[PDB]
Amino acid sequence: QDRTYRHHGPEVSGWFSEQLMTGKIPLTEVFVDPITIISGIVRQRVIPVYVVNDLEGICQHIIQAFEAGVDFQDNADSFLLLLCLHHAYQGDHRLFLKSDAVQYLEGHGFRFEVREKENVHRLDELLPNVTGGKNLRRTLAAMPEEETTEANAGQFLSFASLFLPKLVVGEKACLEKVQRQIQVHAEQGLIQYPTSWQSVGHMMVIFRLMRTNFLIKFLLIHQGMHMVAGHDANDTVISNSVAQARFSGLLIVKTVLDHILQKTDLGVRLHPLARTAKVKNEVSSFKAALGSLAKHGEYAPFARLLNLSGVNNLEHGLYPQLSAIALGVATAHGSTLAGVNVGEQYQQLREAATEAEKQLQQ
């Protein structure tokens, strides 16, 4: 039986482009084409891992500190880690230190050092230093030992996760997304957060925290993907939040990639118009950018959210020719690509792709 040639068009499913961006399919399947201590610099970020009795109590104090609008400038990691330790790992810090997630973080220069504190009076005791900013230490010491918060570590984390999906868009779009999502979860009877948390003041505090702190974002993403069973109401929210945040700030370039990929009866390949000499330079840079992205594996889809290096090179605007081919193919199927606009200079390439597609549809 000879070849039954069939044209199926672009990979609008998004499956193939996802595998390419997460390193599960090598880029050579579609495309073609050591740093030393004396040459490079690695910034180590030491994160104290405080083992403590009454981890619940300390977590309540941490929550109440955030509720009071306390701004942990760059000493938030230790306290935020205790929240994640208490909720996700239920106290077991040693199991966490063995995770593949910690190994990945050690790639980012993170160094987790355990520090045993038999008993700590308050949060001021968990930030020892003779030189650092003392405004926080005095503030944390000024915090009352009174229990005031209505929530727990789980709710704080699930609430924070709501900021992930639209974090990269801006403060207005993010907060509005949080508000809508809170209503969805509340109406469906999944979770109900404290009233005071939904105030503009409190939401702004959590927004500034999420936007500046890499670790809390990563740990939520870690929890959302690698939690396999025993899901709380909180775990469910977190998993849903992380799922929605997938490829946030990368959706446009991803659809461009989808439409420059062509599927036939033989398999998937790059669009012929993308294989011309005129565009080979753009494809080379694009492959290099995807390669840098794919090294992050299962964390690649949150690359723009986590502000990983090189992700700026994935803005579709940098690839007008590929965008043109992508839109050219899209328009042939009566479809359109959101956020993609081809200038007059590339319309000829755009029309060529359109005419090419409507030709192949036999």
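Residue indices: 1-based, along the sequence shown.
Student: Going by the PDB record, how many residues of the deposited sequence fall between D54 and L55 without any coordinates: none, 1 to 3, 4 to 9, or 10 or more?
Tutor: In the record, the chain runs straight from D54 to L55 with none unmodelled.
Student: If you average the CA temperature factors as listed in the entry, which stretch comes out higher, 150 to 158 or 265 to 273?
Tutor: Higher mean C-alpha B-factor: 265 to 273.
Student: Decide which of the stretches 117 to 125 and 200 to 208 has the higher mean C-alpha B-factor, going by the entry.
Tutor: Higher mean C-alpha B-factor: 117 to 125.
Student: Please pick out which of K280, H231, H226, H185 has the largest Cα B-factor as recorded in the entry.
Tutor: In the PDB entry, the greatest C-alpha B-factor among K280, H231, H226, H185 is found at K280.
Student: Which is it among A68, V311, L322, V32: the one with the largest CA B-factor in the entry?
Tutor: Checking the PDB record, the top C-alpha B-factor among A68, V311, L322, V32 is at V32.
Student: Split the chain's modelled residues into thirds by Cα B-factor; is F96 in the lowest, middle or highest one?
Tutor: As the PDB entry reports it, the C-alpha B-factor of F96 lands in the middle third of its chain.
Student: Would you mind ranking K166 by its C-alpha B-factor against the rest of the chain and naming the third, lowest, middle or highest?
Tutor: It belongs to the lowest third of the chain when residues are ordered by C-alpha B-factor.
Student: Which third of the chain holds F110 when residues are ordered by C-alpha B factor: lowest, middle or highest?
Tutor: For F110, the deposited C-alpha B-factor lands in the middle third.
Student: Among all modelled residues of this chain, ranked by Cα B factor, put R45 in the bottom, middle or top third, i.e. lowest, middle or highest.
Tutor: Middle third.
Student: If you rank the chain by CA B-factor, which third does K134 end up in: lowest, middle or highest?
Tutor: Ranked within chain, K134 CA B lands in the highest tercile.
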